[PDB]
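Encoded as structure tokens, the structure appears first; notes follow it.
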Amino acid sequence: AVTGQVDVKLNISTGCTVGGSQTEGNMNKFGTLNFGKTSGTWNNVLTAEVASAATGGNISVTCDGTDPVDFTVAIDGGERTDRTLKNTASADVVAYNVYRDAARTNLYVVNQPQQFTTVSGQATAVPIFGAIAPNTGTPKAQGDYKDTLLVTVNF
Amino acid sequence: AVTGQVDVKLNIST
Amino acid sequence: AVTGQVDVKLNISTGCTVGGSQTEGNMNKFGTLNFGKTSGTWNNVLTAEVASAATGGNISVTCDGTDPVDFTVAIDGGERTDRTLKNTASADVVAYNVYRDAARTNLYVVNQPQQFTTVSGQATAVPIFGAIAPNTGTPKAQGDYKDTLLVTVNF
Amino acid sequence: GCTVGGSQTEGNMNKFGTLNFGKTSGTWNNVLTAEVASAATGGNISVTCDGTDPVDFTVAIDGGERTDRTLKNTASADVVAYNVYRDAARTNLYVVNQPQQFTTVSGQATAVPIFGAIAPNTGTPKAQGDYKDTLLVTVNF
Amino acid sequence: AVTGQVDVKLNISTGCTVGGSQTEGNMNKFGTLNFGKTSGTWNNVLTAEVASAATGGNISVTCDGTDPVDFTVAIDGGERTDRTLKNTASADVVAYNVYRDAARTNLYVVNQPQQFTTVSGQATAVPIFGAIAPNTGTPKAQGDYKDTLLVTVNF
Amino acid sequence: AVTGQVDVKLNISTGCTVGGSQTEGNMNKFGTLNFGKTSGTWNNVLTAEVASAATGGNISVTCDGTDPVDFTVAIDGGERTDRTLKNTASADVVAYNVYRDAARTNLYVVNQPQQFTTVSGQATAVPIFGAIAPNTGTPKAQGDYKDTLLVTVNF
């Protein structure tokens, strides 16, 4: 019998809120990274942007205050922690990555706070640009591949 | 700390 | 004068130990559930994970032996027994809950042994995922809200 | 598409299995009963579908060499009437040239139970020897 | 369209027959393993013997010939393949097992040919001794529990 | 290949239980009929009562309910089916019999349900009185003679 304590805390004062999300039960549904349909072996880098579940556009984070707040954005490694989509039925995997800039250069490194700025009376967009490498080796099995990345807007 | 989910999808078929 | 007996017992043989805790005086400090800063009325579900007081990551329970032991995890209802954080100065309360899975579905029911597995030469993590409902009604007073959940790793 | 496991390619024809009733006397009072044994593994034919979503495939068995489900003696002209059922209680019969429905699910191989059954012959003793038949099982979509 | 062949065979020459069975439609009804009535929690091992459907006594297998034939007996795992009786209405299960000897020691292992001997002009009995463990934990729901073991007399 | 069915059944509702037994593996050990030591040729009828393996006294059958249930008791013919004890080493036999009443009159006939009554909140004893005829003819060989009678409490 090892009984222990867990201090719970919350500082209600002046915070920042994330728009574009829908409450899926008790977990914020931020959006979808839909690469679309594809064949077994694709030569072109498959690339799609996150579509917020609430509006359809990009996640719009706004802060509540008058001074420009600096908030951070961190995305995790997905269900299996290595950014791989898994086929619903078979065990095939599809490696992918999420970048922050339009040219697929600034990568959202696993469990890292990619910095962001936000001014009063404005909503800043969180571009989560997906990208998949060209698979010109083995044709992955037919079906639907999925993953649930947890995006962590933290301060 | 606002943690949220982003469903990733890909339909490998044709 | 009602004098009575209390039998004390301890079976020293082959037990299981919880890592990630720090001994706060004579009580094991397991960690912190830090939701962060927030405004009076938040529309997004505030959500944070427990951070072990010893390492900063998740509580890592390991057992001492060779066969996989099945240990249980039970969390209580907090200081007031209804999972509410209380403002340090005023009497305002903030209802919350702790879940076990990443999607805020498998709730750690009050005083219930949520089952867990553990194999030899490995440490299993105890995910205590916090979650707070969207308060879009009354703005709670400014200040710091706290609670001390007692996590009970028992066999 | 969907594929059938448990078969061995006999030349250019898929050998699915054997319905071995075993040895018996001229006149048997008990219903002789045996299950199909796949030629590849020895167990039941395991059909799996190459897909993610569930697929509904059908199974049809024909009437044998002579089209009336009769085993024939290799040498003489004696016949032994039989039937193949789908369920363990010999009730759901695989009707001649009929698609008995079947389901198959994500990442799994479904078994095709072909349960044989022979009526009690308590009338005339069939001649000694080996009785055979080749049922053509038709897994179609 | 995957069309395949199934070779059917039967060697009519000199075989062995099982007595004590009744033809239920096109399936041989060998008998009944009736443990009788019982309460929710029984402390004594419930134990009963198979009663042939044709005579009421034990299944009497006789062979047709002059030399002593060695025939085998195999019993399967029941409807659900784990030797559990199921309540007709609810989903409660009652684990049991069938043994070959009177002292509940020689178990009829699942899908195994327990050997047997048989001489000319004699019928050998097939003792299928049932046995149920003492349930002194949870009281199973009221009603009738059933199972249909398929006994496989093979050569 | 003669495959057949064996229907298994159990009616969990309101049953009767037998006390005084110990579970020997998966078979209920009811007791011992110890006639004691004796010489090759005894002139007096050797006579002893069953001693329950659990308590040492008589088997105490109790029923679980409020109305007086009428349960039956049946004893079989022993290992060889003719109530004979066999020497562990040699083939000598010692004929015996089990009676129900104290005067060795009401015999527990082979495979017969000798009736019995039982009321609520009470345990009824099952007197299994052994008796051996006076052997004043041939002296049986030295050693230990044994038998295992199967007592069948059925409803």
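Each chain in the structure tokens gets a letter, A, B, ..., in the order shown, and its residues are numbered from 1; ligands are numbered from 1 in order too.
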* Quick one: everything within 10 Å of range 42-50 of chain D, counting only C-alpha atoms, minus sequence neighbours fewer than 2 positions away in the same chain. Send it as a PyMOL selection string. => (chain A and resi 89-90+141-143) or (chain D and resi 1-7+16-18+35-40+52-57+102-114+139)
Go ahead and write the selection's residues with C-alpha atoms as a compact mmCIF listing (two decimals), in the first residue's frame.
```txt
# COMPACT_ATOMS: atom_id res chain seq x y z
CA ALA A 89 -7.02 -3.62 -39.93
CA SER A 90 -3.46 -4.71 -40.84
CA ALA A 141 -1.84 -2.57 -48.03
CA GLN A 142 -5.23 -1.11 -49.08
CA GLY A 143 -7.48 0.53 -46.50
CA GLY D 1 -10.15 -9.19 -53.61
CA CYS D 2 -10.53 -12.03 -51.12
CA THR D 3 -8.30 -15.16 -50.87
CA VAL D 4 -8.84 -18.71 -49.59
CA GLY D 5 -6.15 -20.24 -47.32
CA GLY D 6 -5.66 -23.92 -46.46
CA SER D 7 -5.52 -25.04 -50.08
CA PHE D 16 -9.06 -27.54 -50.69
CA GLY D 17 -9.15 -30.60 -48.46
CA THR D 18 -10.45 -34.03 -47.54
CA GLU D 35 -15.07 -32.73 -40.87
CA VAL D 36 -13.09 -31.40 -43.81
CA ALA D 37 -9.31 -31.39 -43.27
CA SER D 38 -7.52 -28.70 -45.34
CA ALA D 39 -4.80 -30.15 -47.60
CA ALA D 40 -2.31 -27.41 -46.67
CA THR D 52 -9.72 -3.45 -44.17
CA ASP D 53 -13.51 -3.06 -44.06
CA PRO D 54 -15.61 -6.18 -43.51
CA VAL D 55 -16.32 -8.19 -46.69
CA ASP D 56 -19.31 -10.49 -47.19
CA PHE D 57 -18.18 -13.50 -49.24
CA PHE D 102 -20.24 -15.73 -44.83
CA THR D 103 -18.61 -12.75 -43.07
CA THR D 104 -14.97 -11.84 -42.78
CA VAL D 105 -13.53 -9.05 -40.63
CA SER D 106 -10.45 -6.84 -40.15
CA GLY D 107 -7.12 -8.71 -39.91
CA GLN D 108 -8.68 -12.13 -39.50
CA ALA D 109 -9.06 -15.51 -41.21
CA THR D 110 -12.59 -16.99 -41.04
CA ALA D 111 -12.92 -20.79 -41.08
CA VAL D 112 -15.19 -22.60 -43.57
CA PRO D 113 -16.74 -25.52 -41.71
CA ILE D 114 -17.69 -28.21 -44.20
CA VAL D 139 -15.71 -19.61 -52.89
```
*Quick one: everything within 8 Å of range 64-71 of chain A, counting only C-alpha atoms, minus sequence neighbours fewer than 2 positions away in the same chain. Send it as a ChimeraX atom specification.*
/A:14-17,62,73,115-121,153-155 /C:39
Could you pull out all residues of range 17-131 of chain E with a DSSP call of strand (DSSP E) and give them as a VMD selection string?
-> chain E and resid 17 to 19 22 to 24 27 to 38 50 to 52 59 to 63 69 to 75 84 to 87 93 to 95 97 to 99 114 to 118 123 to 126 129 to 131
Could you give me, as an MDAnalysis selection string, the residues within 9 Å of residue 5 in chain B, counting only C-alpha atoms and dropping anything in the same chain fewer than 4 positions from it?
(chainID A and resid 21 27:32 148:152) or (chainID C and resid 103)
Checklist line | Residue neighbourhood residue 45 in chain A, 12 Å, only C-alpha atoms, exclusion window fewer than 4 positions, as JSON, numbers by chain | finding: {"A": [35, 38, 41, 95, 96, 97, 104, 130, 131, 132, 133, 134, 135, 136]}
- Query: What is the CA of residue 22 in chain E-CA of residue 118 in chain D distance in Å, reported with one decimal?
  - Reply: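 Computing it gives 14.7 Å between the two atoms.
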